[PDB]
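Chain lettering (A, B, C, D, E and F) follows the sequence in which the chains are written, and residue indices restart at 1 in each chain.
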Amino acid sequence: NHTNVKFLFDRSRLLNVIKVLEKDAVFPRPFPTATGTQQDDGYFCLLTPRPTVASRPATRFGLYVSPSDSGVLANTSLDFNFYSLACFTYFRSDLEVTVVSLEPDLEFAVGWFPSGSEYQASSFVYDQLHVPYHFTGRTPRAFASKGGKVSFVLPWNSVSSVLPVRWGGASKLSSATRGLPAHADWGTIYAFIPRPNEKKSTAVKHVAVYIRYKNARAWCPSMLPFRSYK
Amino acid sequence: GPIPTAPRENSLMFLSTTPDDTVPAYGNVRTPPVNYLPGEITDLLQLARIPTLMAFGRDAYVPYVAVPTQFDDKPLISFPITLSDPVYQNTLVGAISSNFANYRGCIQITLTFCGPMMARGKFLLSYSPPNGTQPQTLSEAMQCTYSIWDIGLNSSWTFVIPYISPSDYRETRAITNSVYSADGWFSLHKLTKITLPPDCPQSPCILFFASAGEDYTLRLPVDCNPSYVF
Amino acid sequence: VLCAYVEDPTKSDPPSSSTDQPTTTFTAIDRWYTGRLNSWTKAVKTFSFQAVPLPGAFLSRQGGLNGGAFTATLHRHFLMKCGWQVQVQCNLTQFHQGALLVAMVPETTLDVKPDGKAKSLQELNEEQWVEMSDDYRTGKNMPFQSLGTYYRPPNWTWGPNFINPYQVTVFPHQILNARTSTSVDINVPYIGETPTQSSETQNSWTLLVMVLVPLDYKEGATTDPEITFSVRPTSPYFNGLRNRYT
Amino acid sequence: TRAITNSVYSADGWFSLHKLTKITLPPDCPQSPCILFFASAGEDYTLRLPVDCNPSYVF
Amino acid sequence: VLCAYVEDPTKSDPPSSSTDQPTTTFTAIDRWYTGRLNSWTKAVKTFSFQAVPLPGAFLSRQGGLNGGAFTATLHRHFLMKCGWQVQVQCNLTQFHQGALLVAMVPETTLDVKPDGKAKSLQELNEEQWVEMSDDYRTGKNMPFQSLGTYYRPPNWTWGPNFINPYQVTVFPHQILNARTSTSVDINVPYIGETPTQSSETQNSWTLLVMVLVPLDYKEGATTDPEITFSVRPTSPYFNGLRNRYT
Amino acid sequence: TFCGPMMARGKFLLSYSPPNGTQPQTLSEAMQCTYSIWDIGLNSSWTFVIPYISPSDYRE
């Protein structure tokens, strides 16, 4: 039973390499985004095997071939080990997130907010220090030890019954919202160094987000991606 | 008092495929029900057994085989039976099984004669074991495992390719896999010259499929090829 | 009749995402809806498909597909939940060879211009058959997001609503061969990410007629068979009664 | 529960108090009455997934 | 009679924070205490409330609220523990429209000047109706601490004894409508952080008359209805007998 | 009997009024009388029974 769907997707794999917050974030403003918007880009990992761009669900997947200087590059994530074995249309499972540090002896901390909710983006002045509002909340902010790994299992929280691996409808009205599901995510995480904003360093520390799909259930048999002949 | 525990040598090690749970962070969530969706894929061997089209070089490849009217003592098509061979890249046998490491079972080539209705003739379907040189002559095709497919009531023939191997399982991404070369050769030969009626088109097309047998089994999931996305 | 995923796709409970009584019926439910579809000729290459989105065809009237009082019931209810039942006919004679692939593809965007919004009715008449290019195989034509001038636009190389054209027989399908049958019979139930999706903006199924073997006929013999189809919803459950959609 | 759109295109529904017949108010009783609105929840109202709240009640 | 949190607010055990016998009664316990309250006119805006603190009204005599031998029993016992029973009358005629909100608010400081100590009796006559400003909504007028010259005085922006004026119907309440009733009937039991609080310095309940719809009447018709009330303690338990409070 | 085309959709209101001093004209004046809402659905033929309300057992 190594082809078992509950067995095959029940293993950890990479999703995204996101940057660690060192201040009160500004969540990326929805599309389209005009220039000059001061925000914080690529710090958020939208936990979905579907393609993303700027920590929001995307229609297509797009990487960069010649990343020149003009414009802000966008953190586009995809689950490569999923779609090559996702011969189905719908997929409900409970996510298991593991956040491995890519910085030597980093003390980080992993926030989360559910499918449909939003990041709390401000700061309160505790003891003349700008402590942001992502240290607190009713959602899991797991804290890592100095050089440790954050791991927890997230439930199927979204208001959709299943996650469409392939979707053909329109979430909002039409004209370029075709094939773009809105509520297909287990939520979003983000890493933050648990120090106030006056202790913001200068280096840009990354972190890596793993994913395990506990209790995978797949419906509606469909295709596998096209392999070229070159 | 405290239970005296001696921690092992793999302490604080996040292994990716650890067959065990982790701490729930956001428990007590009642998911919306999924009883309404039909066709739950419990097992991905429910889709290796579904006959999907093959490909043939004559990136525009052809699922059928043209049948020239020239009678000849050489195979009409003869592709090797290897699940890394590019006549299996876009099936559901060779696309599911390429992301694994071992297979065991019977590839089941389903034919479909797409010519006119009043065609009459016979075809020979010779599977060969892996020999040092590919069989070409129809006399070299009769001595192997064969089955004679007539264009009678059978406009659709499912030739079960046997599983003959010196090991219980086979390397599923390997050109050689065995003793010297290429793991076998299916070969559709034409046996009697094909009577096509006039005012019905010459050169018919035979459409090939590739399913898996009922005893087809897979083993050892490996990290897939992410080169479908470039 | 190729039933899909169940013994009886007519069996369907009311949705669990409503608190009101569903409008389970309308004034003509035991009738079909016949529409034209473009004729299949010799110049149609291999894998040149032609998609009929459901219920995208009842609204845009693809090929004269008049929905009668089903379109006028779909416009007067918000959530709609039905299982389809298509029937593609094509008068294949003895004098033709070739094989269509009539499938019911779940959740794809095949009516979408690999370069814009949604297709019109004139542009479905200009091209007549959508060629399986590199875009439809890689999913590179499902509509890209307007990122804006801030983000540098990435090189979109893949999209999960592709067609792998060699794997379309995994769907509920019957091959319209030249010498086994002349018509297919597919009956599918409701699927969707929710227990009922919207009405104006859902594409849960898609009738898909794909040419596997190109048409060949002798000159002077029977020429260019027409393709019809007949869509008919099985057990719909209309929720959210309101006035006609604007 | 904190989303303007939440669904297909717009705004999740619309309650609308319409006046059906023209309202007979007696004279020497004030014209332009006032209807007072409440907002409770039904007996089957259920909530899920506590999130960190909005702390902007305190500024 | 709108009972609060129980079927019978008269049921009350003696306090478990005493070792002496409680003075369970006094010389007139089956009588009411009627006091005036300011009249409601057209110029009263929306949400302009008027608070009657209990037992803060028996001491300061808010509106002639003479406590008889209940105030003279409350001054001669240290711990007091009773459940109240108010009854606000207001002669709403057919010729008026508007709706009071008579509630019994637990544990608020609504008789406190958003700028000092406690209100007098003249200052309750000058303003006549306390306007729901930004201070009473944000709780910015419960009395700030004298920090002293050492600590820099912080910008007090919030205090947990606010009124959210749109949520006052969560309390034990009856709406004094113009065309359903003319009087309310609220009966509340004892609450408190201790099994019995003090006597001179407790504010466990607060009678609260809030204008939800402003009063409108035709000219020459019935004008400016008066508001009375009638407070009556149900099952008190006086502990700690001592002489009269100084 | 609605003799229009088959795909017509709409509603009609059928208000019988008692004998009042002025004939009712407004649809608001028609809702307050005895009414019945006739849809062009399955009912392309509606039989509105006009009641018998009279101060005498028989009418001239």
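Quick notes
Convention: a contact is a pair of C-beta atoms (placed from the backbone, for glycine too) under 8 Å apart; a residue touches a chain by one contact, two chains touch by 3 or more.
Here A is the chain whose Cα centre lies closest to the centre of all protein Cα atoms. When you average the Cα atoms of each chain and compare centres, the chain farthest from chain A turns out to be F. Note on interfaces C-D and B-C: more C-beta pairs are in contact across B-C. Centroid to centroid, with C-alpha atoms defining each point, chain A and chain F lie 62 Å apart.
Inter-chain centre distance (chain D to chain F, centres taken as mean C-alpha positions): 36 Å.
The geometric centre of chain A is 33 Å away from that of chain C, both derived from CA atoms. Residue positions 61, 63, 78, 83, 87, 90, 114, 139, 157, 160-162, 170-171, 173, 219-221, 224-226 of chain A each touch two or more of the other chains. Pairs of chains meeting the touch criterion are A-B, A-C, A-D, B-C, B-D, C-D, C-F, D-E, D-F. Looking at the complex, you find that chain F touches chain C at residues 7, 9, 41-42.
Interface of chain B with chain A (complex): residues 12, 14, 16-17, 21-27, 29, 31-34, 36-48, 50, 55, 57, 59, 61, 86, 89-90, 92, 95-96, 99-100, 217-221, 223-230.
Chain F meets chain D in the complex at residues 28, 31-32. By the touch rule above, chain A contacts chain B in their complex via residues 1-6, 8, 11-13, 61, 63, 78, 80-81, 83-85, 87-88, 90, 92, 96, 98, 100, 112, 114, 139-140, 142, 148-149, 151-157, 159-162, 210, 214, 217-221, 224-230.
For chain D in complex with chain F, the touching residues are 20-22.
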